[PDB]
There are 6 protein chains.
Amino acid sequence: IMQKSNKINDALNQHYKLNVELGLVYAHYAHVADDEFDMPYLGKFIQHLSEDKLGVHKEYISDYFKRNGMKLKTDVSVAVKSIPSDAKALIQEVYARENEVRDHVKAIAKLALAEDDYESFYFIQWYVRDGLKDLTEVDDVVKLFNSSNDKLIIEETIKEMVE
Amino acid sequence: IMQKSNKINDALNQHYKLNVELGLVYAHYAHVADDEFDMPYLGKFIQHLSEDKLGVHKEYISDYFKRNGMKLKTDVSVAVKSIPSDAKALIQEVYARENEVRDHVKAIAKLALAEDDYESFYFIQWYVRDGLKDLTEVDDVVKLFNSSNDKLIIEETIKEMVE
Amino acid sequence: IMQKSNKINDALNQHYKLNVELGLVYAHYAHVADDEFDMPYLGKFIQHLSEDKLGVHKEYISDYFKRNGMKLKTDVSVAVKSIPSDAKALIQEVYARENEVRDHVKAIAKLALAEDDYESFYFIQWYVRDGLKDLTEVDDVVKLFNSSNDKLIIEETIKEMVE
Amino acid sequence: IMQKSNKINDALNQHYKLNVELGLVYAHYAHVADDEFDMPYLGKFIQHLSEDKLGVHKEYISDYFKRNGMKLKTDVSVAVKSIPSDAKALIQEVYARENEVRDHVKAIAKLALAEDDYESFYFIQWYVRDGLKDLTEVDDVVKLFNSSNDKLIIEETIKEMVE
Amino acid sequence: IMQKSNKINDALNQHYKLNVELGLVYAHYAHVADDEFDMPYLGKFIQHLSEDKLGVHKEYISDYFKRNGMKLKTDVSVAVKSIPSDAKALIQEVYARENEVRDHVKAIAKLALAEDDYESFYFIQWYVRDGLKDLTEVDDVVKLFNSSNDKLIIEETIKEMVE
Amino acid sequence: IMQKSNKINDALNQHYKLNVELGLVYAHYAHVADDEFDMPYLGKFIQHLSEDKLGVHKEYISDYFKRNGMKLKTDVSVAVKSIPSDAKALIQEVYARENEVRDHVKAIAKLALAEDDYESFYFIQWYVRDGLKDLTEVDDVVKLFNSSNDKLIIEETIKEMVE
Ligand SMILES: [Fe+3]
Ligand SMILES: [Fe+3]
Ligand SMILES: [Fe+3]
Ligand SMILES: [Fe+3]
Ligand SMILES: [Fe+3]
Ligand SMILES: [Fe+3]
Ligand SMILES: [Fe+3]
Ligand SMILES: [Fe+3]
Ligand SMILES: [Fe+3]
Ligand SMILES: [Fe+3]
Ligand SMILES: [Fe+3]
Ligand SMILES: [Fe+3]
Ligand SMILES: [Fe+3]
Ligand SMILES: [Fe+3]
Ligand SMILES: [Fe+3]
Ligand SMILES: [Fe+3]
Ligand SMILES: [Fe+3]
Ligand SMILES: [Fe+3]
Ligand SMILES: [Fe+3]
Ligand SMILES: [Fe+3]
Ligand SMILES: [Fe+3]
Ligand SMILES: [Fe+3]
Ligand SMILES: [Fe+3]
Ligand SMILES: [Fe+3]
Ligand SMILES: [Fe+3]
Ligand SMILES: [Fe+3]
Ligand SMILES: [Fe+3]
Ligand SMILES: [Fe+3]
Ligand SMILES: [Fe+3]
Ligand SMILES: [Fe+3]
Ligand SMILES: [Fe+3]
Ligand SMILES: [Fe+3]
Ligand SMILES: [Fe+3]
Ligand SMILES: [Fe+3]
Ligand SMILES: [Fe+3]
Ligand SMILES: [Fe+3]
Ligand SMILES: [Fe+3]
Ligand SMILES: [Fe+3]
Ligand SMILES: [Fe+3]
Ligand SMILES: [Fe+3]
Ligand SMILES: [Fe+3]
Ligand SMILES: [Fe+3]
Ligand SMILES: [Fe+3]
Ligand SMILES: [Fe+3]
Ligand SMILES: [Fe+3]
Ligand SMILES: [Fe+3]
Ligand SMILES: [Fe+3]
Ligand SMILES: [Fe+3]
Ligand SMILES: [Fe+3]
Ligand SMILES: [Fe+3]
Ligand SMILES: [Fe+3]
Ligand SMILES: [Fe+3]
Ligand SMILES: [Fe+3]
Ligand SMILES: [Fe+3]
Ligand SMILES: [Mg+2]
Ligand SMILES: [Mg+2]
Ligand SMILES: [Mg+2]
Ligand SMILES: [Mg+2]
Ligand SMILES: [Mg+2]
Ligand SMILES: [Mg+2]
């Protein structure tokens, strides 16, 4: 009498895929921030976000599926074929992707209510809140590039954020 | 006077890609071991191996590239399109893939000597040793399925291995 | 039945001499960084590298010779007859010399294999790894001069590196 | 795709046999050093070397075989049919045998590279280093017999070495 | 007025030889128990018994000889030319050899009284008691193979015995 | 109104050079004491003196120059082209060089007073005292070779001095 929603199943499989692929992209951007742009703390901030997407962001869905009978799907393809031209544009790109996360998460909450899937509406509340948190942390680094022209000042300020 | 080997660069980019894709496959197999085969400790063993491949196995290469000027490439595609039929065949599949890792790692060591790239030969020694270690840990779980017909006995024995 | 290689003996005596003379040059550059360029932390970084070259870098060879019957040779001549014009070029010079160290160390590893001197190949692995480490630490200071125009910002950033 | 080298298998079985038989000989020499030559600390030094050869020196090979599918062979024959005439010649004999160990270990490293068996080249690095260490510790006792004519002085000096 | 018995000297040299050769055989059986029969705890039990035979069982005799003027003889030959077909028969074989130890030890006690060698009768009391102890510990593992058909149950039970 | 004395500048640059070159010679003699003469504690005593000359003895001058505007000069050449024939003559040679240090240091103090350079007279007081201290410590080892014919007795006595 509690059959899982296929629509929610698909939307969460899509979101699983987004977090894997985002995490793989951020792992690359973390590398570039350190190696090419000489900003290892910016690299550490982005690497932390990468391990976040490839960790709890995907594991919570996988665990959730175990409990309710939804089917997990692993279908992944991502190629980092060009890189932003400097550190500001790099973190600006990360921002734009985190903003899209908020839009994807919102669609899932809306769908969960349309499906009368209150377990799924409960489960997604965490993503609803974290969408704004991850976006805010990234926004706190974007602001640094408009507040100083000095890479090492910026780096020094980031070091108190991923501490 | 210390220009990086393109051949080693490619072979390590390929190995980076193998560890990402293997890690994504193992994350799926971990899920199935718990959810479908009712073996959450086998699932915990495979999840640990997944986080190993998607963690230090790929990060050491990325860090190494930063030091020597090799170029990191992120080009990933993996789809888990069928799953082994039971827990024994699942861990047997994991075994077969770890055995292939040893063959890939051996080719890189051999290439590093052919290139007179002793930094790369040093760097790969860790993978040379870990290839046998990961294979042995997986082999220690395969043996359980030939030693008992009782899933819960096996599960109980695995619990002292990923402890 | 285990007679020491004269070729390895000479190559390690040459490397002993390189580390003494490099260490004496860096001791001078450390002085100049502090006294002339007003960068005492850059001076502390270079002094640490000096004591590294004049310490374990030369002592490991001397100890090794004691064990295998190779002959130690002390033949040293170095004069610091001009100094780079500013702090950036100073650390750039240190970089260029550490990069040459990697090339010298690589020749010794290659020779050890050609001689079937596996004790010497083992012994040099430490230098193979440290060549990249010392180069990376120096590279981490070079990057600072391209990341800021402010000596005191740079100095402040170096202070968290030789801490 | 990772089939074990029979040549390495044989060379390591031979080395297993050497460490057993050497250990049995040293256990006898330890006895004689104490009982016949009145040098119990020299006896303790040689007994420690005996337990070294009959312990980790043979166990590491046996463990290694478990991991890679090589076959262990136990084929042992040793008879101590004459004993050196005094303590100096006793420790001189031990020295000569440890020097031969270095030659045997070197042949195995060389063979491992010829076989492209990098797991075996990794595994033998420990023996490559320990060959010089055991030889050096034994050499440190040989030197005592050329530095003093007084057994009890020598004994007293050995007591700070196997401490 | 206290001249050592040659008969006891020979019987203890023979027993020294038995403990060396038994210890070498058990080291091999320990390997097989783990590697071939997938029972590493059974392997750990047999390895412990091996180090027992090759340790105090032989050292007590060697020490005893030092005190009373008996001559130590090292004459060793052992080849493990076939292995029992499964774990039960392996531990059954170990049992049969430990039972023979009790018979050999009993002959020495009897001889010591016939020789009026009360020091030797005292010295052998330890072996008289340990013969039954080692036999009992081995018997406690034999019983497991008649109490369960499940290798992993047996393994789990052995793990609380060599703990 | 406080212009640095060129004469003191030269005399301290010469003394800087003496301590570097002496330190390099002692590092070699330390090696020989251990390796050739079988006296590792004598080697440890001489190595400590080497690190003394190449450390504070040269660094105090370099630091002093930073404070008063004197120019540091690095002009070093030393070759150890023959070695004394035995341990006594080795330490006798070290003694003779430390005695010359006292004469060089005395000339600098005398010059500092002739120049009315009381900062330089203050600065050299440390060297005035250390000249006698280093000479006394070396003299305490020379005395050992006239007090015993037994290398190991001497070695044992040195071990309580560089402790
Ligand atoms: Fe569907
Ligand atoms: Fe976080
Ligand atoms: Fe599921
Ligand atoms: Fe792209
Ligand atoms: Fe940038
Ligand atoms: Fe998050
Ligand atoms: Fe600041
Ligand atoms: Fe700060
Ligand atoms: Fe701060
Ligand atoms: Fe290419
Ligand atoms: Fe692990
Ligand atoms: Fe890079
Ligand atoms: Fe598939
Ligand atoms: Fe199953
Ligand atoms: Fe691993
Ligand atoms: Fe249990
Ligand atoms: Fe249990
Ligand atoms: Fe338990
Ligand atoms: Fe030569
Ligand atoms: Fe350092
Ligand atoms: Fe030497
Ligand atoms: Fe110059
Ligand atoms: Fe400057
Ligand atoms: Fe270094
Ligand atoms: Fe700060
Ligand atoms: Fe600050
Ligand atoms: Fe700070
Ligand atoms: Fe064969
Ligand atoms: Fe030891
Ligand atoms: Fe085996
Ligand atoms: Fe013999
Ligand atoms: Fe003697
Ligand atoms: Fe050893
Ligand atoms: Fe003493
Ligand atoms: Fe004493
Ligand atoms: Fe003492
Ligand atoms: Fe007899
Ligand atoms: Fe026991
Ligand atoms: Fe004896
Ligand atoms: Fe047999
Ligand atoms: Fe079996
Ligand atoms: Fe026993
Ligand atoms: Fe149980
Ligand atoms: Fe239990
Ligand atoms: Fe238990
Ligand atoms: Fe002048
Ligand atoms: Fe001192
Ligand atoms: Fe200056
Ligand atoms: Fe000379
Ligand atoms: Fe001498
Ligand atoms: Fe001094
Ligand atoms: Fe004494
Ligand atoms: Fe003493
Ligand atoms: Fe003492
Ligand atoms: Mg409604
Ligand atoms: Mg070649
Ligand atoms: Mg060759
Ligand atoms: Mg080849
Ligand atoms: Mg009677
Ligand atoms: Mg006057």
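Residue numbers begin at 1 in each chain, while the letters A, B, ... track the order of the sequences. All ligand and atom numbering here is 1-based and tracks the order in the structure. These numbers come from the heavy atoms of this one structure, side chains and all, not from hydrogens, waters or symmetry mates.
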request  = For atom NZ of F:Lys133, decide whether the heavy atoms of other residues, nucleotides or ligands shown that lie under 6.0 angstrom number more than 12.
outcome  = yes

task = Using a strict 4.0 Å threshold on nitrogen-to-oxygen distance, state whether B:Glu98 and B:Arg102 make a salt bridge.
result = no

key: Geometric class of the F:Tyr127/F:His15 ring pair [parallel <30°, tilted 30-60°, perpendicular >60°]   = perpendicular

Name of the F:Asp52 atom (N/O/S only) found closest to the Fe ion (ligand 51) = OD2

ask   = Is the side chain of C:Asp86 donor-acceptor paired with the backbone N or O of C:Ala89 at a distance under 3.5 Å, no angle test?
value = yes

key: Count of N, O or S atoms belonging to protein, less than 2.8 Å from the Fe ion (ligand 48)   = 2

ask   = For the Fe ion (ligand 51), what is the closest N, O or S atom on F:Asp130?
value = OD2

key: Test item: B:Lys17 side-chain N/O and B:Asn13 main-chain N/O as donor-acceptor pair under 3.5 Å   = no

query = Side-chain donor-acceptor pair under 3.5 Å between A:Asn68 and A:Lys4, yes or no?
reply = no

request  = Would you please test A:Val20 and B:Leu24 for side-chain contact (heavy atoms from CB on, under 4.5 Å) and show each step?
outcome  = CA-CA 9 Å; A:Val20 168; B:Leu24 289 172; 3.5 Å; yes

message = So, of the N/O/S atoms that F:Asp134 has, which is the nearest one to the Fe ion (ligand 51)?
response = OD2

